[PDB]
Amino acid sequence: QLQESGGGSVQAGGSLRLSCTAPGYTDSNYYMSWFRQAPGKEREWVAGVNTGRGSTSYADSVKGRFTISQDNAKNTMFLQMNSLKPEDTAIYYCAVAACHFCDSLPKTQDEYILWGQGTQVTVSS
């Protein structure tokens, strides 16, 4: 029951902005991460934000082209994806977990509690 939007197809070098909203999370601090999976591969962590600290982190394959930006509303985040390349084509998934210590952004699949459907991103040359 996450709200995800922004996916679609874009030419190579273009950009998209993925949006993710967690309805109950105006309370709490939380981890929110993006994972992606292309048909035939595992689901890799892409980027995430630790609202408890205020910090963001990125996988090396997207570092310098993907940035997370907060919203005025504290239960929503955006992933701005620039200079997209074909191998960024995949289903992108938002994931959220309420935060106790707010101690370190987790980078695997199984430590996140809430998941969306995923938005599909297709990059064509």
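One rule holds for the numbers: they count along the sequence shown, beginning at 1.
Per the PDB record, of the two stretches 39-47 and 96-104, 96-104 carries the greater mean B-factor over its C-alpha atoms. Note on 22-30 vs 71-79: mean CA B-factor is higher in 22-30. Annotation for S9: C-alpha temperature factor in the lowest third relative to the rest of the modelled chain, per the entry. Placement of the Cα temperature factor of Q120 within the chain: lowest third of the modelled residues, per the deposited record.
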